[PDB]
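Visitor: sequence below, structure please.
(one chain, ligands or ions: 1)
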Amino acid sequence: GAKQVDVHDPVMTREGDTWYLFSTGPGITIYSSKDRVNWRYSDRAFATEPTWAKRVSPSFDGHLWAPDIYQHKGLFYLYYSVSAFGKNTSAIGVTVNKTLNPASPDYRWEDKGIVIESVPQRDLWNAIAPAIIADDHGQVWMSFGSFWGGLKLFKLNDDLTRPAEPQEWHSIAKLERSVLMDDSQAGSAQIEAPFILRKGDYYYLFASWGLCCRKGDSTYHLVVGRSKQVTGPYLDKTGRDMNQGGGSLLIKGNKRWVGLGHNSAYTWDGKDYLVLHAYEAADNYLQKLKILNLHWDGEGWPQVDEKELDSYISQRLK
Ligand SMILES: [Cl-]
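Guide: Numbering: from 1, shown residues only. For reference, the structure is listed below:
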């Protein structure tokens, strides 16, 4: 290729011998790769935009946020966020395809509409940044959230397009906020973008703390907690519940990478990987894809080598 690939809020999956990468961007931006390093543009999920997006977000600009990709019964489920900066006029949608290869006769994204929507003054959460997790009991869950009253988990219905009925919800992580604050304001609870990975006997909840998207002043970083059951509670290394501000440091930025986060995490062929964006100080703070090897310490906690922020170098192909 020649330049690193620029992404925000990345997720990944493999179909056959091809890797696919999904990013925040117009219609959700999709790339493909044979080796996880050299990436070509593949498609955008929506050629224009979801038919319903403007009614949720009247000033919608075409950019969909924070995708999650999930394989289930032979299909590909791509969750995506419609929102507006600074507000909780937001909704998570899902669109489904039979395959990820755009040359395939089976290739077509079909929107299934709104999974969940937040409404100002009704909901103390923000319906963005979905992540899908299955448990040991045949059930599938969505975690999501950003600012307001924090991160939530709810049970999905049988087709994975709406909340199961009757509904079942759980709070999984939170930072301080008084309800006397105006309901329309994001607050000081700088927590977002949950992602859950099952490893050994625990579920691990990753979350982003601090502020993204602000050049030299970004404080964005990753913290983690763990729970025996998918529904919590997620505790940190000191035994503090993430519902009361717990979370142990996984990785933070340095002089070259000022802010990093909004991660995913995967087990591929018996090894584990952390997938994130990081803002490159030497290139106008432009967010680059980073894939790091995910290790586990003697106490059962994830660990990464921050040197891989430099040695993992994606390439954008023609
Ligand atoms: Cl995400």
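
Visitor: show me the helices in this protein, by range?
Guide: For the chain, helices defined by DSSP state H occupy the ranges 53-56, 308-311.

Visitor: same list (these) but as CSV, adding distance to residue 161.
Guide: All C-beta spots, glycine's among them, are computed from the backbone N, C-alpha and C. Formatted as CSV, the entries for the helices of the chain read as follows, by distance: least, CB to CB, whole Å:
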stretch, distance to residue 161
helix 53-56, 16
helix 308-311, 37
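
Visitor: tell me the most buried of those?
Guide: Among the helices of the chain, judged by mean count of other CB atoms under 10 Å, the one packed with the most neighbours on average is helix 53-56 (a mean of 16).

Visitor: thinking again about what came up before, nearest to residue 80, out of the helices of the chain?
Guide: Using CB to CB as the measure, helix 53-56 is the one of those that comes nearest residue 80, at 9.7 Å.

Visitor: so how far is the closest one from its chain's centroid?
Guide: Between the centre of helix 53-56 and the centre of its chain there are 22 Å (CA atoms, centre = their mean, to the nearest Å).

Visitor: ok, stretch 60-71 next?
Guide: Here stretch 60-71 is found 9 Å from its chain centre; the criterion is CA atoms, centre = their mean.

Visitor: ok, residues contacting that stretch?
Guide: Residues external to stretch 60-71 that are found in contact with it (CB atoms under 8 Å, 6 or more residues apart in numbering): 9, 11-13, 20, 22-28, 45-46, 48-50, 53-54, 76-84, 128-132, 160, 193, 262, 264.

Visitor: buried ones among those?
Guide: Neighbour counting by 16 or more other CB atoms under 10 Å classes 9, 11-13, 20, 22-25, 27-28, 45-46, 49-50, 53, 76-83, 128-132, 160, 193, 262, 264 among those as buried.

Visitor: with adjacent residues omitted, what lies nearest to residue 260?
Guide: Nearest in space to residue 260, with sequence neighbours left out and distances taken as CB to CB, 6 or more residues apart in numbering, is residue 278 at 3.8 Å.

Visitor: residues contacting that neighbour?
Guide: By CB under 8 Å, 6+ apart, the contact list for residue 278 reads 253, 257, 259-260, 287-288, 290, 309.

Visitor: partner residues bridging residue 39?
Guide: With DSSP bridges as the criterion, residue 39 is bridged to residue 316.

Visitor: from residue 279, how far off is it?
Guide: Noted for residue 39: a distance of 19 Å to residue 279, by CB to CB, to the nearest Å.

Visitor: with residue 271 instead?
Guide: With the distance defined as CB to CB, residue 271 ends up 27 Å from residue 279.

Visitor: okay, the two: which has more neighbours?
Guide: A count of neighbours by other CB atoms under 10 Å puts residue 279 above the other of residue 271 and residue 279, at 25 against 10.

Visitor: need the contact list for the more buried one.
Guide: With contacts defined as CB under 8 Å, 6+ apart, the neighbours of residue 279 are 215, 218, 220, 253, 257-260, 285-288.

Visitor: in JSON lines, list the residues you listed along with distance to residue 138 and neighbour count.
Guide: Formatted as JSON lines, the contacts of residue 279 follow (distance: CB to CB, whole Å; neighbours: other CB atoms under 10 Å):
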{"residue": "215", "distance to residue 138": "46", "neighbour count": "11"}
{"residue": "218", "distance to residue 138": "41", "neighbour count": "21"}
{"residue": "220", "distance to residue 138": "36", "neighbour count": "25"}
{"residue": "253", "distance to residue 138": "40", "neighbour count": "20"}
{"residue": "257", "distance to residue 138": "40", "neighbour count": "23"}
{"residue": "258", "distance to residue 138": "43", "neighbour count": "19"}
{"residue": "259", "distance to residue 138": "39", "neighbour count": "25"}
{"residue": "260", "distance to residue 138": "35", "neighbour count": "25"}
{"residue": "285", "distance to residue 138": "44", "neighbour count": "18"}
{"residue": "286", "distance to residue 138": "43", "neighbour count": "14"}
{"residue": "287", "distance to residue 138": "37", "neighbour count": "27"}
{"residue": "288", "distance to residue 138": "39", "neighbour count": "22"}
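
Visitor: so which of those residues sit within strands?
Guide: Secondary structure from DSSP state E places 257-260, 286-288 of these in strands.

Visitor: I'd like those as a markdown table, with distance to residue 62 appended.
Guide: As requested, those are exported to a markdown table (distance: CB to CB, whole Å):
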| residue | distance to residue 62 |
| --- | --- |
| 257 | 28 |
| 258 | 28 |
| 259 | 25 |
| 260 | 26 |
| 286 | 20 |
| 287 | 18 |
| 288 | 23 |
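
Visitor: on that earlier part again, select, out of the helices of the chain, the one closest to residue 35.
Guide: Going through those one by one, with CB to CB as the measure, helix 308-311 comes closest at 15.3 Å.
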